[PDB]
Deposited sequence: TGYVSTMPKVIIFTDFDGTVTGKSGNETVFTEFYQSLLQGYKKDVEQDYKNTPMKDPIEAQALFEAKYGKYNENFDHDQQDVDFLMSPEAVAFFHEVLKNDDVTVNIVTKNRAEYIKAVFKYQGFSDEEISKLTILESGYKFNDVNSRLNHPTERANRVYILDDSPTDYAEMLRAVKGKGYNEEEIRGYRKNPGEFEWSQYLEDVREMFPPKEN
């Protein structure tokens, strides 16, 4: 009847810990640093990482700053425990896709939204950018991906996860919704081995320059 946009539609389903960061989730949430972000923290005592209330976002930011320094031009990319942050290549990737609005970003995680938002906030993302993330955190990755895809067909669907079994869960969800091999780009890589800069150029290539 009228004009219709020819822009491609791209959906990303990505793990967080060990995919966007360089450390696996099991190696993140029981560390002293993660546990220090939970209300009632006592050193060398472990609290339920998922359901304990987190310290407020202002104090979380203060704890990141004391651990890593200010995230600026003086930042030490070689300091200890830098692998708990997003790599620079992953930060550049998310700055770009968190403004292409024909790209939808879904983080599918056993971690929790308050923590991931704190990591993004600490590494320089704005409140508007973080609000374009959808964080699916039930821990049941087939169910979360399947639910997100119910009901506008995507041109390309990205699936990224360092865990073989959670990757397979997400892929089964996407194939269950009728996406074929030409539309799927799945990446099962060990922590630190994802090619974020190449995925950024692959994404940019789908769109006009």
property: In sequence order, the deposited-sequence ranges that have no modelled C-alpha atom; result: 152 to 153, 212 to 214
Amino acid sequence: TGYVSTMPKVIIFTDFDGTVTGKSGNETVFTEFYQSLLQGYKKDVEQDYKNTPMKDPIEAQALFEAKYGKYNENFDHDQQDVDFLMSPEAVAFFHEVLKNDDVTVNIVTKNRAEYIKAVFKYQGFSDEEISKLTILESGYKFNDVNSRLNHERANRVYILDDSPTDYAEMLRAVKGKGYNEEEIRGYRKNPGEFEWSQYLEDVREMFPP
From here on, numbers count along this sequence of modelled residues.
| query | finding |
| --- | --- |
| Average Cα temperature factor in the PDB entry - higher stretch of 128 to 136, 73 to 81 | 73 to 81 |
| 180 to 188 set against 164 to 172, stretch whose average Cα temperature factor tops the other in the entry | 180 to 188 |
| Residue selected from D144, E46, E65, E27 by maximal Cα B factor | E46 |
| Third of the chain, ranked by Cα B-factor, where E195 sits | middle |
| Within-chain third of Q35 by Cα B-factor, per the entry | lowest |
| Where the record places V119 (Cα B-factor, split into thirds across the chain) | lowest |
| Where the record places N100 (Cα B-factor, split into thirds across the chain) | highest |
| Relative C-alpha B-factor of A154, binned into the chain's lowest, middle or highest third | highest |
